[PDB]
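Next up: just one chain, as structure tokens, the form deposited in one PDB entry.
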């Protein structure tokens, strides 16, 4: 694959699911070898694991006193389309959540791709690895293609189920929205988070009922979104990834723990 960027600036705006504040993005084109980086109040924050400053309920980055919340969805989309050189200008403290999935981001970036002059230097998983924690587990092994599987064991009706993404099936996960169980909402709100949450950007799941009037887009939309998240967190490795991943009940924290292991080893 050839490094890619955008043919022109693309902007998005809306509220942040956590801050509740309005915010706007502006993806700028960049030359070969630049990499993915955010820009806020004059500071460049590389979309790399060394800048992760928070992983509960979202993956946040920060540098030199400047922070940006929830970068997983836009990074996931960038990872899927293989965009490698862009500066994500952020006016606000968080990435707009939009509808909760990566659809809008995907559709716009997909038709504004600009191939550049250089082969992509993929981060390739060279040997097997496993990272565990409180029953949660993520496994990674060598592969010529990006393959991600997420298995969930839910306390509500979703019960136990898994989903697998393989290159070419981008559209099966870019629509999967963000979700939360009703029993977690009180916590999110108490710790100063989820201020921008609503049924318009979050699928609220009860012990055996879906609150959202629109129901689920897929009987397993939740685990599909989990794959979407993992794929975004993986891009923090610094470049498009080539490996086979299996995540059992993983989350941003474990995802990042894995990312750091991989980087460290190589």
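Positions refer to the first chain, counted from 1.
Although not depicted, the form deposited with a small molecule bound is the subject of the following passage.
S.K.: Taking 4.5 angstroms as the cut-off for heavy atoms, does residue 40 touch the small molecule in the deposited bound form?
M.R.: No - in the deposited bound form, heavy atoms of residue 40 and the small molecule never come within 4.5 Å of each other.
S.K.: Would you check, heavy atoms only and a 4.5 Å threshold, whether residue 226 touches the small molecule in the deposited bound form?
M.R.: Yes, residue 226 sits close enough to the small molecule in the deposited bound form that at least one of its heavy atoms falls within 4.5 Å.
S.K.: I'd like to know if residue 104 sits close to the small molecule in the deposited bound form, meaning any non-hydrogen atom pair within 4.5 angstroms.
M.R.: Close contact is absent here: in the deposited bound form, residue 104 is far from the small molecule, nothing within 4.5 Å, heavy atoms only.
S.K.: So, in the deposited bound form, is residue 66 in contact with the small molecule at a 4.5 angstroms heavy atom limit?
M.R.: Although the small molecule is absent here, residue 66 would stay clear of it in the deposited bound form, with no heavy atoms inside 4.5 Å.
S.K.: Report yes if all three of 4, 82 and 169 come within 4.5 Å of the small molecule in the deposited bound form by some heavy atom, otherwise no.
M.R.: No.
S.K.: Can you check 137-145, 174-182, 114-122, 84-92 and let me know which stretch has heavy atoms within 4.5 Å of the small molecule in the deposited bound form?
M.R.: Flagged stretch: 174-182.
S.K.: Here the chain is shown alone; which of 34, 220, 239, 55 has a heavy atom within 4.5 Å of the small molecule in the deposited bound form?
M.R.: Flagged contact: 55.
S.K.: Heavy atom within 4.5 Å of the small molecule in the deposited bound form: which of 153, 99, 132, 126?
M.R.: Looking at the other structure, the residue within range turns out to be 153.
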